[PDB]
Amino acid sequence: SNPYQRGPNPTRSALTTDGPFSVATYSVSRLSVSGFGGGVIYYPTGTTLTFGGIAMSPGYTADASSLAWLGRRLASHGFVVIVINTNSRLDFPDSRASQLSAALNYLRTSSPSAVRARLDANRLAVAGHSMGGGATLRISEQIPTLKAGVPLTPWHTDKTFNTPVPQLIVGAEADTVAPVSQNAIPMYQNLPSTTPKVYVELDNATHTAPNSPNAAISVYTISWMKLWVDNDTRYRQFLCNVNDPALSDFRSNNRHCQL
């Protein structure tokens, strides 16, 4: 009934580890692409199905490896994830959003044949960490056709983003690089009230929480991406009536919890 439904029925523990799909990677060379500095694509193997695309941006001075695990994680649960390298490690959120748009264009038009065989170009989303999360919000403004957006401990001088693209903002309670009361929380509060939006706050986490395998980040990112890129209602259960002990705060306009 749902053509985009992938994988078995999800349980929460199954979302804290790699999914049913085997993952292959492709190394997008820095000089083989214009508009961004290459990166790594993670895509399912041993399957003839098609999956939505995700473009991921690391943060200031960081590179794609800082999100490698995550680029793998979503991939094993049924996605084509391209975690980008930027032209400069000192690029700022708007440049990173431009490079994310470039990476999505590459994924749709110039990716290898094996990647292109697994990609549904009509279902795309974006994720990022810090200045990459701010870029996530900015591109959600620029490309309103995106299915979802997941900014992880986002950072941006601008706190207001007018986007209809559903956003799941992860903030780290103890973050001193991008404090939540200055970034994640104001960004959630300034998102349009019609846009479906979730704010999860990882209890006692610091700014580098998304740079290694994290149970809560994995669960909520997979849930958001499944709910919006795959229209997969089976994951609504993890995003509604939440009592997660790893979280120090959960906010939502609860527009995703309805039928």
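Residue numbers run from 1 along the displayed sequence.
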Selected stretch [higher average CA B-factor]: 172 to 180 or 99 to 107: 99 to 107
Higher-scoring stretch by recorded Cα B factor average, 46 to 54 or 30 to 38: 30 to 38
Residue selected from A216, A62, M225, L70 by maximal Cα B factor: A62
Options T136, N122, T157, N85 - largest CA temperature factor per the record: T157
Chain thirds of CA B-factor: placement of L202: lowest
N211 - Cα temperature factor, lowest/middle/highest third of chain: lowest
Cα B factor band for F161 (lowest, middle or highest third within the chain): highest
Cα B factor band for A24 (lowest, middle or highest third within the chain): lowest
Among modelled residues of the same chain, the CA temperature factor third for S130: middle
